[PDB]
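Enquirer: Chains as they are written, first to last, in the entry's author numbering: chain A8, 40 to 181; chain AF, 307 to 459; chain AX, 61 to 228; chain BT, 10 to 128; chain BK, 339 to 386; chain Ba, 15 to 153. Supplied in structure tokens, the structure appears directly below.
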Amino acid sequence: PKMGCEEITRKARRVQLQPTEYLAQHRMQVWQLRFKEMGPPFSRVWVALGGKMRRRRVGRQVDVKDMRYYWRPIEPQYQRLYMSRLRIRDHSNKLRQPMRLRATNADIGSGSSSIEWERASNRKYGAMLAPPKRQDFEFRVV
Amino acid sequence: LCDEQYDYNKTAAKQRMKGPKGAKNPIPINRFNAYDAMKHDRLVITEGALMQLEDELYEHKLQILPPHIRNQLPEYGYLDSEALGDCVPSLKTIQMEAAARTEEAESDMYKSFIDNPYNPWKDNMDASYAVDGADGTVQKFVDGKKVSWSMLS
Amino acid sequence: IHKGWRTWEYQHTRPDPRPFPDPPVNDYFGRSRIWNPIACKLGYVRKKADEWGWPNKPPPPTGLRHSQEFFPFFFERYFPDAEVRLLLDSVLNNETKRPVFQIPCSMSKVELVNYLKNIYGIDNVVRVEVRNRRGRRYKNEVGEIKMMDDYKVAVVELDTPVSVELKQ
Amino acid sequence: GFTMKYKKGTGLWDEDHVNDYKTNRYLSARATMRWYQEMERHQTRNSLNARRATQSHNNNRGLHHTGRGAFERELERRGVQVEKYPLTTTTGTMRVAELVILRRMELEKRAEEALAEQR
Amino acid sequence: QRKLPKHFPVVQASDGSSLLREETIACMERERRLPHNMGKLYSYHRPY
Amino acid sequence: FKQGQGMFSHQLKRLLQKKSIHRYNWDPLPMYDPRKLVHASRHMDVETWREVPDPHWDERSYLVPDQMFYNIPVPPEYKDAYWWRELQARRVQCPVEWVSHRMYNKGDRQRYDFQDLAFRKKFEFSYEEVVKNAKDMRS
RNA sequence: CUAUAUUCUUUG
RNA sequence: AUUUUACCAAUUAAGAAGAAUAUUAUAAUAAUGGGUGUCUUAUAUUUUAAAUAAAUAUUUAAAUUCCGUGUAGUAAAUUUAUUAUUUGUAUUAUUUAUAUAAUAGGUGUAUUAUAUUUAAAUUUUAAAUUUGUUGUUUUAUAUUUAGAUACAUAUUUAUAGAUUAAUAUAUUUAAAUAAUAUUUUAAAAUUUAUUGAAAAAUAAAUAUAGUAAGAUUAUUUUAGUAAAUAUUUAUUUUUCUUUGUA
Ligand SMILES: NC(=O)c1ccc[n+]([C@@H]2O[C@H](COP(=O)([O-])OP(=O)(O)OC[C@H]3O[C@@H](n4cnc5c(N)ncnc54)[C@H](O)[C@@H]3O)[C@@H](O)[C@H]2O)c1
Ligand SMILES: [Mg+2]
Ligand SMILES: [Mg+2]
Ligand SMILES: [Mg+2]
Ligand SMILES: [Mg+2]
């Protein structure tokens, strides 16, 4: 489940297709506020600023204070650790490359450039990232 | 050839889809393939089929060529086009000759209409354009008359 | 609903209730069998097919339906149906004053006497004793339980002793 | 939802743009006929239903089965062409085909004698 | 095309009138209880 | 008692499963009796002291449905108390759960009438009709 | 982390 | 003679209407609650109410308790839509049964160790668990059968960005554009809806369980031991020999 079963011969439940997660689910914005990734293809740092700052500034020294204003690469473990959440969209697709922090223009256009979207004149050539159309001078949502 | 295969559940979206997961437009069974070629030994091809194959694969093979070669195609007479009318039209199938004569027949209803597909935008090079400052719009004018159409919502 | 179940993974179909209902038909062919008082649609609809054609024919005026002339009453008055049958072992070669009849259960003691008077011409009947015996149940060789129709045993007491002789 | 309604008849033949996931490798002599039955009844069922639904719906809205109202009813009385683009009718689209065919047959006489003249 | 499933019994007159169908059904049923033809039963559970 | 090894309690578990006859008895109106409103608002003819059979009465009249009468004529001004059994007559005559299947599939939303819960087939063409209706338009 | 600091500087 | 010592052995082809209108998915045309062995009567046969549901939806952006929340008409009645017992065993695939038994009169020993016949020699039940790595605990009578899911692969039409907090800026080389999955069995619990007595029972869910746990299916193999280890992969950096470094 066997041709004898009183279990299966009386219908109970029927399981449906299960919905998939948001394709971008794992690019969480708490990363996108803190860091930014910089790099040439196949080598890219994520860089951040330092916190020692907003508790005690005074009395310490100016050098140790302004060692805080530099962009710095995150430690590689943390970078691998955060990148790993971006690598889980395709396992066993070895020929792929991980998702970036901020969506590039190719990654915006890829969702309208398919052959399943070509009749959708909404969301073509990017829409939701442009400012909205001026509404009819009598336009009202009531 | 084959039609492009579209997937309208590529994410999960429609749940009451029974289906498989994947292309929702699989190649139908009466096409030519490797399996049924390997099973049956003699391949019997009618000349209509030959002509149709060559016809649908022509542009395909032309695009593949390196660009210093594609430039010589018009010089060699490969690219002579019936639409432009440098040659007499070519041999087509029955159905395509039917469609073609259909358009030959229906080309006369678009003459006096400004949306004529066979002569669109004939009014460009006598046209004036005027930028409105009260609300951003650029409106077309011919003979002081506003030709351009403000869109509806 | 402190916590919502995952209901989005089920397609919509009603599961069978686990204390599953048994089928309404009565399988017990024994002594203690109960007639079911509950009336389904099919009873009334089959009535309606029986009395007048319900699907096709238009219904007769109520005055007819509720009158003696209405067909199932008409046909019952002028074409009665009863199997009033006799156990022979009561009337065989012994002289017996009390023959024993099998009777449809819807007959009274009076209706039997009327039956025997007007049809069989049996004009002396002191009285009738009545039993209701559940029909005879038997299994055949496949084990199909079958029950012959219910009957009424009437001991019918006469004035003159009656025998039916067997020539040996 | 969005199942791509616009691609339904787009295909050159009757059997494409149809999701056919019930199938086999080898199709027998009558399974093939079954396939050719299924496809054309898939087109015909879906077309005749879409005819019936709208004809019935137009009839329930009190107008002509075409969706052609009283106004357009008046225009046809007065001999006015009622629409902008008079697309080819059924009889026309049959006529094209047969004239093409009747060209091709004649040509296949002439070619026959041509080739027999050479050979 | 059939107007009743193949496995339904035919209960009707030869004319096709359904006038008597309940009598016919009743008859068939009392007949399935105790067939008139029926020979000696070989069962140990016997009506008498 | 339904719990036992006895056969009476064996029947009662089964016999009690069949479904009783259902009709929709739509509620009585004891205090507004529509059938006595025929005698409302009628002029008297004073010779015979019977009612005057006014021909204007029967076009202003509002027909109040019920089960054991066909319809009951009522003067219009009094129609407003009968608003519920106008909605019970137009209703489908069952629990809506029995007929609910008309609702869920798409083809039966378009072909069936849902106004104040009357599930009833709209007018719908046969196939030959559809064919000859689409044929004489040459489409 | 939230508030007060709003120029290259500053609080809990 | 009254009597031929004691001990020592298996593994079976199956005799047959005792397996088919068979199991599962598949049919986008019917459908007021199926009830036969049924059958007056309805004062006693009423289920309705703008909400996520027997109606179940084609992207990765922006924004929001910063950290589980996200894609908008595709054509306007247009063809994703709740189908079904025969006008093909309906078609296509898929799965399938523990009724049934002559089997052989003796090869090793005969004063105690345990299969290989020349005698001897040699032998602690495996798994999991323990990391002071066991002396502890749990499972296993046997035969047969059921039993658990990360895509080891990308051939011509064809094209790929860095940067600022921001506005901006522009010296400056790649690319096989697809996503759908993620062990397994188990608490004490919770929540919802009924019944009963003066919390219990019945019916629904896939709650969580590295200090509770237990299982996890294919031998004859071919590189070692933050820091380690593992997978894929990289550098011929100088001496007399030698060196796994990344
Ligand atoms: N986003 C848009 O608004 C949008 C998008 C694509 C194309 N268009 C085109 O813009 C033009 C007008 O748009 P709108 O929204 O202002 O009006 P509309 O298209 O909403 O309405 C136009 C009216 O004129 C009819 N019409 C359209 N094309 C016609 C034609 N070619 N010949 C005769 N009648 C025709 C329309 O069917 C309708 O009756 C049309 O070509 C429309 O298809 C507009
Ligand atoms: Mg239907
Ligand atoms: Mg057997
Ligand atoms: Mg044990
Ligand atoms: Mg096994």
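Quick reminder that beta carbons are idealized off the backbone N, C-alpha and C, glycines included.
Are the segment 160-168 of chain AX and the segment 203-214 of chain AX touching by the rule of at least three beta carbon pairs closer than 8 Å?
Expert: yes
Enquirer: Suppose you measure from the CA of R104 (chain BT) to the CA of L111 (chain BT); what does that come to, to the nearest Å?
Expert: Residue numbering aside, residue 104 (chain BT) sits at position 95 when the fourth sequence is read from its first letter. Residue numbering aside, residue 111 (chain BT) sits at position 102 when the fourth sequence is read from its first letter. Straight-line Cα distance between these residues: approximately 10 Å.
Enquirer: Under 6 Å from any heavy atom of ligand 1, does the C-beta of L458 (chain AF) make it?
Expert: Your numbering for residue 458 (chain AF) matches position 152 in the second sequence. For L458 (chain AF), the shortest separation between its Cβ and any heavy atom of ligand 1 lies below 6 Å.
Enquirer: Three or more C-beta pairs under 8 Å: does that hold for the segment 76-85 of chain AX against the segment 17-34 of chain Ba?
Expert: yes
Enquirer: DSSP state of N315 (chain AF), grouped into three classes?
Expert: Your numbering for residue 315 (chain AF) matches position 9 in the second sequence. Residue state, collapsed to three classes: coil.
Enquirer: Does the beta carbon of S223 (chain AX) come closer than 7 Å to any beta carbon on chain Ba?
Expert: Taking the third sequence and counting its residues from 1, one reaches residue 223 (chain AX) at position 163. So, not an interface residue.
Enquirer: Is the beta carbon of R99 (chain Ba) closer than 7 Å to that of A132 (chain Ba)?
Expert: Walking along the sixth sequence from the start, residue 132 (chain Ba) turns up at place 118. Walking along the sixth sequence from the start, residue 99 (chain Ba) turns up at place 85. Contact flag unset, no.
Enquirer: Have a look at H66 (chain BT) and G78 (chain BT) and give me their C-alpha separation to the nearest angstrom.
Expert: Against the fourth sequence, residue 66 (chain BT) aligns to sequence position 57. Against the fourth sequence, residue 78 (chain BT) aligns to sequence position 69. Going from the Cα of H66 (chain BT) to the Cα of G78 (chain BT) covers about 13 Å.
Enquirer: Taking CB distances under 7 Å as the criterion, tell me whether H73 (chain BT) reaches chain Ba.
Expert: For this step, residue 73 (chain BT) is matched to residue 64 along the fourth sequence. For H73 (chain BT), the answer is no, since every Cβ of chain Ba falls outside 7 Å of its Cβ.
Enquirer: Between residue 160 (chain Ba) and ligand 2, is there a pair consisting of the residue's CB and a ligand heavy atom that are separated by less than 6 Å?
Expert: Here chain Ba has residues from 15 to 153 only, and residue 160 (chain Ba) is not among them.
Enquirer: Do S75 (chain Ba) and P87 (chain Ba) have their beta-carbon atoms positioned less than 7 Å apart in this structure?
Expert: Against the sixth sequence, residue 87 (chain Ba) aligns to sequence position 73. Against the sixth sequence, residue 75 (chain Ba) aligns to sequence position 61. Yes, they are a contact pair.
Enquirer: Under 7 Å between C-beta atoms, does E388 (chain AF) make it to chain BT?
Expert: Position 82 of the second sequence, counted from the first residue, corresponds to residue 388 (chain AF). Judged by the 7 Å Cβ criterion, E388 (chain AF) is not in contact with chain BT.
Enquirer: Between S413 (chain AF), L397 (chain AF), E412 (chain AF), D414 (chain AF), which has its C-alpha nearest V109 (chain BT)'s C-alpha?
Expert: Translated into positions along the fourth sequence, residue 109 (chain BT) becomes position 100. Out of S413 (chain AF), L397 (chain AF), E412 (chain AF), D414 (chain AF), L397 (chain AF) has the C-alpha closest to the C-alpha of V109 (chain BT).
Enquirer: Going straight from the alpha carbon of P423 (chain AF) to that of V448 (chain AF), what length do you get?
Expert: As a position in the second sequence, residue 423 (chain AF) is number 117, starting the count at 1. As a position in the second sequence, residue 448 (chain AF) is number 142, starting the count at 1. Straight-line Cα distance between these residues: approximately 21 Å.
Enquirer: Can you give the Cα-Cα distance for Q358 (chain AF) and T317 (chain AF), rounded to whole angstroms?
Expert: As a working mapping, residue 358 (chain AF) is identified with position 52 in the second sequence. As a working mapping, residue 317 (chain AF) is identified with position 11 in the second sequence. One C-alpha to the other measures close to 37 Å.
Enquirer: For the segment 29-104 of chain BT, which segments carrying the alpha helix (DSSP H) assignment without a break, of at least 4 residues, lie completely within its bounds, in sequence order?
Expert: 38-69, 79-86
Enquirer: Out of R384 (chain BK), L357 (chain BK), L372 (chain BK), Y386 (chain BK), point me to the one whose CA is closest to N116 (chain AX)'s CA.
Expert: The sequence position of residue 116 (chain AX) within the third sequence is 56, counting from 1. Comparing Cα positions, the closest option is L357 (chain BK).
Enquirer: Would a check of beta-carbon distances place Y15 (chain BT) closer than 7 Å to chain AF?
Expert: In the fourth sequence, counting from the first residue as 1, residue 15 (chain BT) sits at position 6. No, no contact with chain AF.
Enquirer: With a threshold of 7 Å on Cβ separation, who are the neighbours of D23 (chain BT) within its own chain once the five nearest residues in sequence on each side are excluded?
Expert: Reading the fourth sequence from its first residue, position 14 is the one you call residue 23 (chain BT). Taken in chain order, the residues that qualify are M48, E49, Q52.
Enquirer: Within the 7 Å Cβ cut-off, does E201 (chain AX) reach chain BK?
Expert: To locate residue 201 (chain AX), count along the third sequence from 1; it is residue 141. It does: the Cβ of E201 (chain AX) has a partner Cβ on chain BK nearer than 7 Å.
Enquirer: Name the residue from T399 (chain AF), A405 (chain AF), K320 (chain AF), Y382 (chain AF) whose alpha carbon lies nearest to the alpha carbon of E353 (chain AF).
Expert: One-based indexing of the second sequence puts residue 353 (chain AF) at position 47. Measuring from the Cα of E353 (chain AF), the nearest candidate turns out to be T399 (chain AF).
Enquirer: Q64 (chain BT) CB to nearest chain Ba CB: under 7 Å?
Expert: Here residue 64 (chain BT) corresponds to residue number 55 of the fourth sequence, with the count starting at 1. By this cut-off, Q64 (chain BT) is an interface position.
Enquirer: Nearest chain Ba C-beta to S127 (chain AX) closer than 7 Å, yes or no?
Expert: Taking the first residue of the third sequence as position 1, residue 127 (chain AX) is located at position 67. So no, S127 (chain AX) is outside the interface.
Enquirer: Considering Cα atoms alone, identify which of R158 (chain AX), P118 (chain AX), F134 (chain AX), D87 (chain AX) is closest to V222 (chain AX).
Expert: On the third sequence, residue 222 (chain AX) is found 162 positions in, with the first residue counted as 1. Answer by Cα proximity: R158 (chain AX).
Enquirer: Can you confirm whether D82 (chain AX), when its beta carbon is compared against all beta carbons of chain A8, has any partner nearer than 7 Å?
Expert: For the purposes of this step, residue 82 (chain AX) is taken as residue 22 along the third sequence, with counting starting at 1. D82 (chain AX) does not count as touching chain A8.
Enquirer: Count Cβ pairs between the segment 75-86 of chain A8 and the segment 108-120 of chain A8 that sit closer than 8 Å; are there 3 or more?
Expert: yes
Enquirer: Under 9 Å Cβ-Cβ, which residues of chain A8 neighbour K316 (chain AF)?
Expert: Translated into the one-based positions of the second sequence, residue 316 (chain AF) becomes position 10. Result: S153, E155.
Enquirer: Tell me whether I110 (chain BT) sits in a helix, a strand or coil according to DSSP, three-state version.
Expert: The residue given as residue 110 (chain BT) occupies position 101 in the fourth sequence. Three-state result, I110 (chain BT): helix.
Enquirer: Is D347 (chain AF) near ligand 1, judged by its Cβ being under 6 Å from some heavy atom?
Expert: Here residue 347 (chain AF) is taken as the residue at index 41 of the second sequence, counted from 1. Every heavy atom of ligand 1 is 6 Å or more from the Cβ of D347 (chain AF), so no.
Enquirer: Going along chain AF, which residues have a C-beta under 8 Å from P112 (chain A8)?
Expert: Against the first sequence, residue 112 (chain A8) aligns to sequence position 73. Within chain AF, no residue comes near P112 (chain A8); the closest Cβ sits about 34 Å away, beyond 8 Å.
Enquirer: Kindly indicate the opening and closing residues of the beta strand (DSSP E) around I163 (chain AX).
Expert: The count along the third sequence starts at 1 and reaches residue 163 (chain AX) at position 103. Counted as a single uninterrupted DSSP element, the beta strand (DSSP E) harbouring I163 (chain AX) occupies residues 160-163.
Enquirer: Counting only Cβ pairs nearer than 7 Å, list the residues of chain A8 close to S459 (chain AF).
Expert: Residue numbering aside, residue 459 (chain AF) sits at position 153 when the second sequence is read from its first letter. Neighbours of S459 (chain AF) on chain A8, chain order: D175.
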